[PDB]
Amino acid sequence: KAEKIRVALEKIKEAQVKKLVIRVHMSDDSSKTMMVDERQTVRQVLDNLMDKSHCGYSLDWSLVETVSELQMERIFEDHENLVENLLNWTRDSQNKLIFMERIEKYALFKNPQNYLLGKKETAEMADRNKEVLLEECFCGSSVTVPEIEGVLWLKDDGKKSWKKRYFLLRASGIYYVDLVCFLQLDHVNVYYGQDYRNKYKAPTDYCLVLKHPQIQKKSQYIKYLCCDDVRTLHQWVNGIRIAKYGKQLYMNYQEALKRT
């Protein structure tokens, strides 16, 4: 049975699609060019990066965007179309695309007990049960978005000042105290703010930002939240990621686990 016939079939599509050459910064701020196409997910792009490089088996390998003008970053999810995202960048953008390791992208999956149980305290858990809890949260008839709630600093629109409100995360979005909808997650990505204690007079350096992918400059449609500590930040970022991406985050993780 000649299955050789299927591989030359694959080379056809790798020849008829719009190619783009991007630039990719390394962990040490050296850079490299590479070819991508407009069909490629970040997953496929990472694989070519891992194939071409040394490289090294690790679950934490990521493509990271920096929104230079807004001093923030988000680590791309692996199902995302890279090109459609790179087209948000302005013509003169100083945004970078960093290829590096990153504890954060899959931390919730190797310790789901510290992210899915609505406790601020961290604990250990047997392998066996990590898998069950993971299976239980993502793989049912719907995703069980963990019950995240607590106080956060919200920055005033257009001002370098902050108010304190009580937030809670649901499936439909983030609500403040019964309830008022702060944001719905469908049209916003979530970013880690960089050095906001200085830039925005923030209470802490532990900031998360919510903005439409298309926004590249100062805008009041960008929401800034500041947590008291790092734990809270990771709890919120991770919960928003579960609430936004659902079962897809679980698939992305399994696919990454296959490459370790």
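Residue indices: 1-based, along the sequence shown.
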property	result
Missing from the model but present in the deposited sequence, between residue 177 and residue 178	4 to 9
Greater mean Cα temperature factor according to the PDB record, 161-169 or 139-147	139-147
Selected stretch [higher average CA B-factor]: 98-106 or 151-159	151-159
Among 249, 15, 243, 237 - the residue whose C-alpha B-factor is largest in the record	15
Member of 132, 72, 185, 190 with the greatest C-alpha B factor (per the PDB record)	132
Modelled-residue ranking by C-alpha temperature factor, third containing residue 54	highest
Third of chain Cα B-factors occupied by residue 231	middle
Ranked against its chain, the third holding the CA B-factor of residue 201	highest
Chain third (lowest, middle, highest) by recorded CA B-factor, residue given as residue 82	lowest
Third assignment of residue 44 from its chain's C-alpha B-factors	lowest
